[PDB]
Amino acid sequence: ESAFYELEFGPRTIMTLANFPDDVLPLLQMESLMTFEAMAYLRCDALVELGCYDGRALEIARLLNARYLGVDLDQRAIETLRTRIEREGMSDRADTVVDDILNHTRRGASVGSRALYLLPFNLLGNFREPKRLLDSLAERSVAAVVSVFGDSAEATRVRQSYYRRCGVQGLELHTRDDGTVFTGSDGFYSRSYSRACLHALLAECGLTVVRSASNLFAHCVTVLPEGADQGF
Amino acid sequence: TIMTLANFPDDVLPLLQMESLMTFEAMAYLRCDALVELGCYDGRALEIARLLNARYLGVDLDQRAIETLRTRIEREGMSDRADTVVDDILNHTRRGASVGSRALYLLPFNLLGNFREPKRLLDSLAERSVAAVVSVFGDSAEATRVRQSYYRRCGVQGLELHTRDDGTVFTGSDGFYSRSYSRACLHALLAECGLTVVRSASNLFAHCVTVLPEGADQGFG
Ligand SMILES: CSC[C@H]1O[C@@H](n2cnc3c(N)ncnc32)[C@H](O)[C@@H]1O
Ligand SMILES: CSC[C@H]1O[C@@H](n2cnc3c(N)ncnc32)[C@H](O)[C@@H]1O
Ligand code: NA
Ligand code: NA
């Protein structure tokens, strides 16, 4: 799992904004708005961004005066995030770890009292076995936001352009009933989801849907782990 | 050709994210039934209107970006609630038809800074808006570095950097102009144009403010 993101320039090629088709921005905006609103309503004092790169959700924590933890394998992107945290005077409230996401979710200390876990920008679709990641959220979180590419013809055309712009080698497209799977010879793996398939996967992993939003490109879901306390 | 993501350094994103969150929260709290995005490109605030079930009007002179937006509105089933106009921003604020009873006007991604006479635009907001969100580049060393890289990727000819106490000005031999703002200068300009700051946020790259036109009604619709 995540072999592609252990490559020196794996994360850089995928997360460089200049490599994004314009139509990626609506996916990122929907996910941002839903994370912001979820943290307020569910009284989360902490945001944990899995695959944060250079801190793509830091502004959400900033405008809510929430604690922030960014987790990524990419040392260079985390150093950019550390530099911004210091310059923003957020060192007391915002932290970073260079580590595997599953190392963090399985063994990492709690962040704040009521943490929301963000799985942004199709992170879940980059796991061949997404149930291992989803199952690990229960321990340290009272909520999660999961953002994935959808399976519309338009979404697939965006992804065809995006992954080639990123320079993914030997890119192949595999069409399935419930999503489109892209693979690369470099260990690249990215699937999209139908709304029904995403909802079914979440229910299977004991994650209750409280909010579900879709646009032409993406599905974004706010979930509560069953067994999570829902106090204030 | 300044709006395609292909031309954006990574450090542009925190500016876009801060103004999106402040526009979203302003629409909800101030009970705005319409979002009017000035310089909307391909509908960079459409998702805010969509997720609040608000009316939307995108104003831009980029007819390609507007046609992209019109198709997105149709495919999202938003035709009855979202529209576009290929118009000059000041012509729209001066003479354009009103949208909803409580419209919020968004001035995104340093639109105010890309105007040489910003007072004309700000003064025009008085009549037709109950609220506005204004997003500008700041004057940090990091903001100036990001802007230089951005304008270079946009292919501005004879790009020159002019240092000032209240914001860095970039010019080109092609007639390109864009200024950043200190927090103090932005607040002073808005006050001068009868716009009261109700929310003010800054990050390393940007200032974003929510304003009410003084004399604008503040009911619930
Ligand atoms: C938003 S999905 C892509 C981002 O997530 C990061 N990422 C992907 N898989 C992992 C993983 N297993 N552990 C940590 N970061 C990861 C990548 O380095 C990139 O910044
Ligand atoms: C965010 S500022 C840049 C955006 O605003 C648009 N724009 C700039 N000046 C004007 C103008 N005077 N009238 C309408 N749109 C404009 C550009 O086409 C671009 O999409
Ligand atoms: Na995800
Ligand atoms: Na959309």
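Here is the naming used below: chain letters follow the sequence lines, and residue numbers restart at 1 for every chain.
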Is there any ring-ring contact (aromatic ring centres under 6.0 Å, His included) pair reaching into residues 167-192 of chain A, and which pairs are they, with sequence neighbours excluded? A:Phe4-A:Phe188, A:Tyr163-A:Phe182, A:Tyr163-A:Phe188

Give me the atom names and distance for the closest heavy-atom approach of B:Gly58 to B:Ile66. O-CD1, 4.0 Å

Hey, does the side chain of B:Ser140 reach the backbone of B:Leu204 with a donor-acceptor pair shorter than 3.5 angstrom? yes

Drop me the distance from A:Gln29's CD to B:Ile48's CD1, to the nearest 0.5 angstrom. 4.5 Å

With side chains defined as the heavy atoms from C-beta onward, is the minimum distance between B:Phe137 and B:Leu15 less than 4.5 Å? yes

Beyond-backbone contact of B:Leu16 with A:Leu28, side-chain heavy atoms, under 4.5 angstrom: no

Determine the minimum heavy-atom distance between B:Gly39 and B:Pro108, stating which atoms define it. O-CG, 3.9 Å

Heavy-atom closest pair, residues A:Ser2 and A:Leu73: O-CD1, 4.4 Å

Classify the ring geometry of B:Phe8 against B:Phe109: parallel below 30°, tilted from 30° to 60°, perpendicular beyond 60°. tilted

Are B:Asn203 and B:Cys208 packed together at the side-chain level, in the sense that at least one heavy-atom pair is separated by less than 4.5 angstrom? no

So for atom CD, which belongs to A:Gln75, do other residues, nucleotides or ligands contribute more than 12 heavy atoms lying within a distance under 6.0 Å? yes

If you round to the nearest 0.5 Å, how far is OG of B:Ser98 from CD of B:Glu127? 9.5 Å

If you define the side chain from C-beta out and look only at heavy atoms, does anything of B:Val211 sit under 4.5 Å from B:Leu125? no

A:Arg128 atom CZ, neighbour heavy-atom count above 12 within 6.0 Å: yes

Measure the CG-CG distance between B:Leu57 and B:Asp87 for me, rounded to the nearest 0.5 Å. 9.5 Å

Do B:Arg147 and B:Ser180 have a side chain donor and acceptor closer than 3.5 Å? yes

What I want to check is whether the side chains of B:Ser182 and B:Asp166 have a donor and an acceptor closer together than 3.5 Å. no

On a heavy-atom basis, the closest approach of B:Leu30 and B:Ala131 is CD1-CB, 3.7 Å

State whether A:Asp54 and A:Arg56 are salt-bridged, where the test is any N-O pair (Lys NZ or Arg NE/NH1/NH2 against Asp/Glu carboxylate O) under 4.0 Å. yes

So do the side chains of B:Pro118 and B:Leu121 get within less than 4.5 Å of each other, counting heavy atoms only? no

Identified side chain to side chain donor-acceptor pair (under 3.5 Å) partner of B:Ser178 from the options B:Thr171, B:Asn110, B:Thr168: B:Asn110

Please find the pair of heavy atoms, one from B:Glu37 and one from B:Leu46, that lie closest to each other, and give the distance. OE1-N, 4.2 Å

Out of curiosity, A:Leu119 CG to A:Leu50 CG, how far, rounded to the nearest 0.5 Å? 5.0 Å

Under 4.5 Å between any side-chain heavy atoms of A:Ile14 and A:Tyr53, yes or no? no

With a 4.5 Å limit on heavy-atom distance, are the side chains of B:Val36 and B:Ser129 in contact? no

What is the distance from atom CZ of A:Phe9 to atom CG of A:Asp186, rounded to the nearest 0.5 Å? 14.5 Å

Is it the case that the side chain of B:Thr4 and the backbone of B:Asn7 share a donor-acceptor pair, with hydrogens and angles ignored and the cut-off at 3.5 Å? no

Indicate whether any N or O donor in one side chain lies under 3.5 Å from an N or O acceptor in the other, for B:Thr68 and B:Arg64. yes

Determine the minimum heavy-atom distance between B:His187 and B:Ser200, stating which atoms define it. NE2-OG, 2.8 Å

If the threshold is 4.0 Å, N to carboxylate O, is there a salt bridge linking A:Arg84 and A:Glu59? yes

Regarding A:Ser161 and A:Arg165, do their side chains bring together a donor and an acceptor under 3.5 Å, going by distance alone? yes

Sequence neighbours excluded, which residues qualify as ring-ring contact (aromatic ring centres under 6.0 Å, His included) partners of A:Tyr68? none

Could you tell me the separation between the CZ atom of B:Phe205 and the CZ atom of B:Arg145, rounded to the nearest 0.5 Å? 10.0 Å

Determine whether more than 12 heavy atoms belonging to other residues, nucleotides or ligands lie under 6.0 Å from atom CD of A:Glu86. no

Any side-chain heavy atom of B:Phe115 within less than 4.5 Å of one from B:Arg179? no

